[PDB]
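What's in data_5.txt: compact mmCIF, C-alpha atoms (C1' of nucleotides)
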```
# COMPACT_ATOMS: atom_id res chain seq x y z
CA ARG A 1 -7.06 12.53 -24.08
CA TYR A 2 -8.41 11.98 -27.61
CA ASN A 3 -11.07 13.73 -29.69
CA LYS A 4 -14.35 12.67 -28.09
CA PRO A 5 -17.64 14.55 -27.84
CA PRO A 6 -17.87 16.80 -24.80
CA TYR A 7 -20.29 14.58 -22.85
CA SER A 8 -19.47 12.15 -20.08
CA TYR A 9 -19.50 8.53 -21.21
CA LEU A 10 -22.14 7.92 -18.52
CA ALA A 11 -24.56 10.33 -20.19
CA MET A 12 -23.67 8.92 -23.61
CA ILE A 13 -24.53 5.36 -22.59
CA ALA A 14 -27.59 6.45 -20.60
CA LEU A 15 -28.96 8.16 -23.71
CA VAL A 16 -28.72 5.22 -26.10
CA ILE A 17 -30.16 2.82 -23.52
CA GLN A 18 -33.28 4.92 -22.97
CA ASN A 19 -33.58 5.59 -26.72
CA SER A 20 -33.64 1.81 -27.32
CA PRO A 21 -36.72 -0.38 -27.95
CA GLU A 22 -36.96 -2.18 -24.59
CA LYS A 23 -34.63 0.16 -22.63
CA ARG A 24 -32.06 -2.66 -22.64
CA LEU A 25 -28.94 -2.90 -24.80
CA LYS A 26 -26.02 -5.29 -25.29
CA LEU A 27 -22.43 -4.01 -25.15
CA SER A 28 -21.95 -4.19 -28.93
CA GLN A 29 -25.33 -2.53 -29.53
CA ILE A 30 -24.31 0.21 -27.10
CA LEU A 31 -21.02 0.63 -28.98
CA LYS A 32 -22.53 1.14 -32.42
CA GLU A 33 -25.50 3.24 -31.26
CA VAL A 34 -23.20 5.56 -29.30
CA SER A 35 -20.85 5.89 -32.29
CA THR A 36 -23.59 6.94 -34.73
CA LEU A 37 -25.37 9.26 -32.27
CA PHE A 38 -22.14 11.12 -31.48
CA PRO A 39 -20.30 10.69 -34.83
CA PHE A 40 -16.82 11.63 -33.62
CA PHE A 41 -15.26 8.14 -33.36
CA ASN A 42 -15.05 7.17 -37.06
CA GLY A 43 -11.27 7.69 -37.16
CA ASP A 44 -8.18 5.70 -36.22
CA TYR A 45 -8.50 5.48 -32.43
CA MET A 46 -10.11 2.43 -30.82
CA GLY A 47 -9.57 2.76 -27.04
CA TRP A 48 -12.88 4.60 -26.61
CA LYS A 49 -14.59 1.21 -26.96
CA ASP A 50 -12.82 0.08 -23.78
CA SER A 51 -13.80 3.27 -21.94
CA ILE A 52 -17.48 2.54 -22.56
CA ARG A 53 -17.19 -1.11 -21.50
CA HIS A 54 -15.33 0.13 -18.41
CA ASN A 55 -17.96 2.77 -17.67
CA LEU A 56 -20.80 0.23 -17.61
CA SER A 57 -19.25 -1.82 -14.80
CA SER A 58 -17.76 1.11 -12.84
CA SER A 59 -21.10 2.94 -12.41
CA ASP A 60 -24.01 2.06 -10.13
CA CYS A 61 -26.45 3.56 -12.65
CA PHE A 62 -26.01 0.57 -14.97
CA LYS A 63 -27.30 -2.87 -14.02
CA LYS A 64 -27.34 -6.18 -15.88
CA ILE A 65 -30.29 -8.32 -16.99
CA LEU A 66 -30.29 -11.93 -15.78
CA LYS A 67 -30.83 -14.18 -18.80
CA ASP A 68 -30.96 -17.53 -16.98
CA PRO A 69 -31.07 -17.87 -13.17
CA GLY A 70 -29.21 -21.16 -13.65
CA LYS A 71 -26.30 -19.46 -15.46
CA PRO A 72 -25.71 -16.10 -13.70
CA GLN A 73 -22.08 -16.29 -14.96
CA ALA A 74 -23.25 -15.65 -18.53
CA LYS A 75 -22.04 -12.75 -20.68
CA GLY A 76 -23.72 -10.76 -23.42
CA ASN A 77 -26.44 -9.59 -21.03
CA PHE A 78 -28.38 -6.42 -21.78
CA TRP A 79 -27.67 -3.37 -19.62
CA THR A 80 -30.32 -1.10 -18.11
CA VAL A 81 -29.75 2.41 -16.79
CA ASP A 82 -31.65 3.50 -13.66
CA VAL A 83 -32.08 7.20 -14.51
CA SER A 84 -33.03 8.33 -11.00
CA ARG A 85 -29.45 7.63 -9.85
CA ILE A 86 -27.63 9.66 -12.53
CA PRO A 87 -26.01 12.75 -10.97
CA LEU A 88 -27.43 15.81 -12.68
CA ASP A 89 -23.97 17.34 -13.20
CA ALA A 90 -22.82 14.27 -15.16
CA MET A 91 -25.18 15.08 -18.06
CA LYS A 92 -24.14 18.70 -18.56
CA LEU A 93 -21.82 19.63 -21.41
CA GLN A 94 -18.14 19.08 -20.52
CA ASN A 95 -16.05 22.23 -20.01
CA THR A 96 -13.10 21.75 -22.38
CA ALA A 97 -11.02 24.03 -24.58
CA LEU A 98 -13.07 22.76 -27.55
CA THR A 99 -16.19 24.38 -26.04
CA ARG A 100 -14.59 27.74 -25.27
CA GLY A 101 -16.71 29.29 -28.02
CA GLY A 102 -18.94 28.18 -30.81
CA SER A 103 -20.77 26.04 -28.23
CA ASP A 104 -23.96 26.43 -30.34
CA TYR A 105 -22.83 23.18 -31.98
CA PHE A 106 -23.60 21.05 -28.90
CA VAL A 107 -26.52 21.04 -26.48
CA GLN A 108 -25.97 22.31 -22.94
CA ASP A 109 -27.59 19.44 -21.03
CA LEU A 110 -28.82 15.94 -21.92
CA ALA A 111 -31.27 15.63 -19.00
CA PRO A 112 -34.30 16.48 -21.20
CA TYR A 113 -33.37 13.74 -23.66
CA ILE A 114 -32.47 11.21 -20.95
CA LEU A 115 -35.20 11.67 -18.33
CA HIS A 116 -37.79 14.01 -19.86
CA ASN A 117 -38.96 12.48 -23.19
CA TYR A 118 -37.48 15.03 -25.63
CA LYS A 119 -35.91 14.33 -29.02
CA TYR A 120 -32.17 14.72 -29.63
CA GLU A 121 -31.28 16.12 -33.08
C1' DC B 1 -9.53 -24.92 -29.09
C1' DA B 2 -8.02 -20.66 -30.53
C1' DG B 3 -9.33 -16.07 -30.77
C1' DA B 4 -12.78 -12.62 -29.80
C1' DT B 5 -15.67 -10.46 -26.57
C1' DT B 6 -17.44 -9.50 -22.14
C1' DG B 7 -17.24 -8.21 -17.14
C1' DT B 8 -14.41 -6.45 -13.41
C1' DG B 9 -11.34 -3.41 -11.17
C1' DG B 10 -6.78 -1.72 -9.75
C1' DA B 11 -3.70 2.26 -11.07
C1' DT B 12 -2.01 6.40 -13.52
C1' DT B 13 -2.80 10.71 -16.19
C1' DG B 14 -4.08 15.24 -17.61
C1' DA B 15 -7.16 18.75 -16.81
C1' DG B 16 -10.62 21.40 -14.43
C1' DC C 1 -7.25 19.80 -4.07
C1' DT C 2 -10.76 16.27 -7.38
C1' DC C 3 -12.27 13.25 -10.87
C1' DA C 4 -13.44 11.59 -15.86
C1' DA C 5 -10.60 9.55 -19.21
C1' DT C 6 -7.41 6.36 -20.24
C1' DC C 7 -4.38 2.32 -19.50
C1' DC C 8 -3.49 -2.33 -18.89
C1' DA C 9 -4.36 -6.71 -16.73
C1' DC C 10 -6.70 -10.84 -15.71
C1' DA C 11 -10.89 -14.28 -15.74
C1' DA C 12 -14.20 -16.27 -18.07
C1' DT C 13 -17.66 -16.88 -21.37
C1' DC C 14 -18.90 -16.71 -26.43
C1' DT C 15 -18.27 -18.12 -31.39
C1' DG C 16 -17.06 -20.54 -35.30
```
Would it be possible to restate this file's structure as structure tokens?
Amino acid sequence: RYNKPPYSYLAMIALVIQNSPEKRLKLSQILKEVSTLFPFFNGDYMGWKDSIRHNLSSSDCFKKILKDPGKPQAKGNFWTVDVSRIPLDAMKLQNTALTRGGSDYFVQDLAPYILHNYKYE
DNA sequence: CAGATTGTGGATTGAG
DNA sequence: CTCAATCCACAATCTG
């Protein structure tokens, strides 16, 4: 357990994918857009990059984009979230000891910004 | 071609 | 109890 923002990785990835131009994003583009939106990874640790890559494959919300039907074994494909399938309790703010008080720092729920067309600060 | 990155997924941990 | 976070491993493409 390392210092990460109190939002599930699923909601973090789902946000940057919807906030993107064509609602598709490559792994690297997901990595840097997540890092700047939730600026709590600019330190020494690096394993959070794996956790995101692992979350994309291990969730049925995220699907790949087929570049070439002749090479379906290709990598670097853009990922697309399918918002309707995101459990509503996965977007709420994570109950940790960091959010015992002073919670006014972070929003309570990312559903408006993910599936309701609102702007995240 | 070596080294970096992607995609997958099996297994353990700490915490709620 | 449960489950997100983290670990570590392997396979295979991607890049220069």
Report task. Find the residues of chain A in contact range of chain C, meaning any atom within 7 Å when counting all atoms listed in the file, and list them as a ChimeraX atom specification. Result -> /A:1,74-75
Do me a favour and pick out the residues of chain B within 12 Å of chain A, using only C-alpha atoms (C1' of nucleotides), as a compact mmCIF listing (two decimals) with C-alpha atoms (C1' of nucleotides), in the frame of the given file.
```
# COMPACT_ATOMS: atom_id res chain seq x y z
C1' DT B 5 -15.67 -10.46 -26.57
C1' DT B 6 -17.44 -9.50 -22.14
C1' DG B 7 -17.24 -8.21 -17.14
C1' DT B 8 -14.41 -6.45 -13.41
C1' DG B 9 -11.34 -3.41 -11.17
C1' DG B 10 -6.78 -1.72 -9.75
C1' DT B 13 -2.80 10.71 -16.19
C1' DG B 14 -4.08 15.24 -17.61
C1' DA B 15 -7.16 18.75 -16.81
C1' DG B 16 -10.62 21.40 -14.43
```
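CA of residue 42 in chain A to CA of residue 5 in chain A spans 12.1 Å [interatomic distance, one decimal].
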Requested in this report: Could you give me, as an MDAnalysis selection string, the residues that have an atom at most 7 Å away from the point (-22.1, 13.2, -16.8) in the coordinates of the file, using all atoms listed in the file?
Outcome: chainID A and resid 7:11 89:92
Would you mind putting back N, CA, C and O atoms on range 40-56 of chain A, then writing it out as an mmCIF file, keeping the file's coordinate frame?
```cif
data_model
loop_
_atom_site.group_PDB
_atom_site.id
_atom_site.type_symbol
_atom_site.label_atom_id
_atom_site.label_comp_id
_atom_site.auth_asym_id
_atom_site.auth_seq_id
_atom_site.Cartn_x
_atom_site.Cartn_y
_atom_site.Cartn_z
ATOM 1 N N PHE A 40 -18.167 11.093 -33.767
ATOM 2 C CA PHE A 40 -16.820 11.630 -33.620
ATOM 3 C C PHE A 40 -15.820 10.540 -33.273
ATOM 4 O O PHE A 40 -14.758 10.833 -32.711
ATOM 5 N N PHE A 41 -16.139 9.281 -33.604
ATOM 6 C CA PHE A 41 -15.260 8.140 -33.360
ATOM 7 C C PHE A 41 -14.942 7.362 -34.631
ATOM 8 O O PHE A 41 -14.388 6.259 -34.549
ATOM 9 N N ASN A 42 -15.288 7.890 -35.806
ATOM 10 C CA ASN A 42 -15.050 7.170 -37.060
ATOM 11 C C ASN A 42 -13.639 7.385 -37.600
ATOM 12 O O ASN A 42 -13.443 7.417 -38.817
ATOM 13 N N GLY A 43 -12.649 7.529 -36.724
ATOM 14 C CA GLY A 43 -11.270 7.690 -37.160
ATOM 15 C C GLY A 43 -10.398 6.497 -36.827
ATOM 16 O O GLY A 43 -10.841 5.348 -36.904
ATOM 17 N N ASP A 44 -9.151 6.769 -36.436
ATOM 18 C CA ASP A 44 -8.180 5.700 -36.220
ATOM 19 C C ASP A 44 -8.284 5.094 -34.831
ATOM 20 O O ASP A 44 -8.121 3.879 -34.670
ATOM 21 N N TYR A 45 -8.552 5.920 -33.822
ATOM 22 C CA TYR A 45 -8.500 5.480 -32.430
ATOM 23 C C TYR A 45 -9.550 4.399 -32.160
ATOM 24 O O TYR A 45 -10.606 4.342 -32.798
ATOM 25 N N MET A 46 -9.241 3.539 -31.188
ATOM 26 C CA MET A 46 -10.110 2.430 -30.820
ATOM 27 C C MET A 46 -10.281 2.249 -29.319
ATOM 28 O O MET A 46 -11.158 1.480 -28.913
ATOM 29 N N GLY A 47 -9.489 2.922 -28.483
ATOM 30 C CA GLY A 47 -9.570 2.760 -27.040
ATOM 31 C C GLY A 47 -10.841 3.298 -26.415
ATOM 32 O O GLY A 47 -11.116 2.976 -25.254
ATOM 33 N N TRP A 48 -11.614 4.108 -27.145
ATOM 34 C CA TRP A 48 -12.880 4.600 -26.610
ATOM 35 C C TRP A 48 -13.868 3.458 -26.395
ATOM 36 O O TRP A 48 -14.759 3.563 -25.546
ATOM 37 N N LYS A 49 -13.730 2.370 -27.156
ATOM 38 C CA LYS A 49 -14.590 1.210 -26.960
ATOM 39 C C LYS A 49 -14.364 0.578 -25.591
ATOM 40 O O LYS A 49 -15.313 0.120 -24.946
ATOM 41 N N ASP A 50 -13.111 0.549 -25.129
ATOM 42 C CA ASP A 50 -12.820 0.080 -23.780
ATOM 43 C C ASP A 50 -13.451 1.004 -22.740
ATOM 44 O O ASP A 50 -14.075 0.541 -21.777
ATOM 45 N N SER A 51 -13.303 2.319 -22.928
ATOM 46 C CA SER A 51 -13.800 3.270 -21.940
ATOM 47 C C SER A 51 -15.287 3.081 -21.688
ATOM 48 O O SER A 51 -15.751 3.203 -20.548
ATOM 49 N N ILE A 52 -16.050 2.775 -22.738
ATOM 50 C CA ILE A 52 -17.480 2.540 -22.560
ATOM 51 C C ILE A 52 -17.712 1.250 -21.788
ATOM 52 O O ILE A 52 -18.462 1.225 -20.804
ATOM 53 N N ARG A 53 -17.073 0.158 -22.221
ATOM 54 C CA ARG A 53 -17.190 -1.110 -21.500
ATOM 55 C C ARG A 53 -16.781 -0.946 -20.040
ATOM 56 O O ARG A 53 -17.391 -1.544 -19.145
ATOM 57 N N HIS A 54 -15.765 -0.119 -19.778
ATOM 58 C CA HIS A 54 -15.330 0.130 -18.410
ATOM 59 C C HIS A 54 -16.340 0.974 -17.647
ATOM 60 O O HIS A 54 -16.516 0.804 -16.434
ATOM 61 N N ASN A 55 -17.010 1.894 -18.341
ATOM 62 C CA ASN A 55 -17.960 2.770 -17.670
ATOM 63 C C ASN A 55 -19.214 2.027 -17.237
ATOM 64 O O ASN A 55 -19.840 2.403 -16.240
ATOM 65 N N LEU A 56 -19.596 0.977 -17.966
ATOM 66 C CA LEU A 56 -20.800 0.230 -17.610
ATOM 67 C C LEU A 56 -20.634 -0.469 -16.265
ATOM 68 O O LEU A 56 -21.545 -0.446 -15.428
#
```
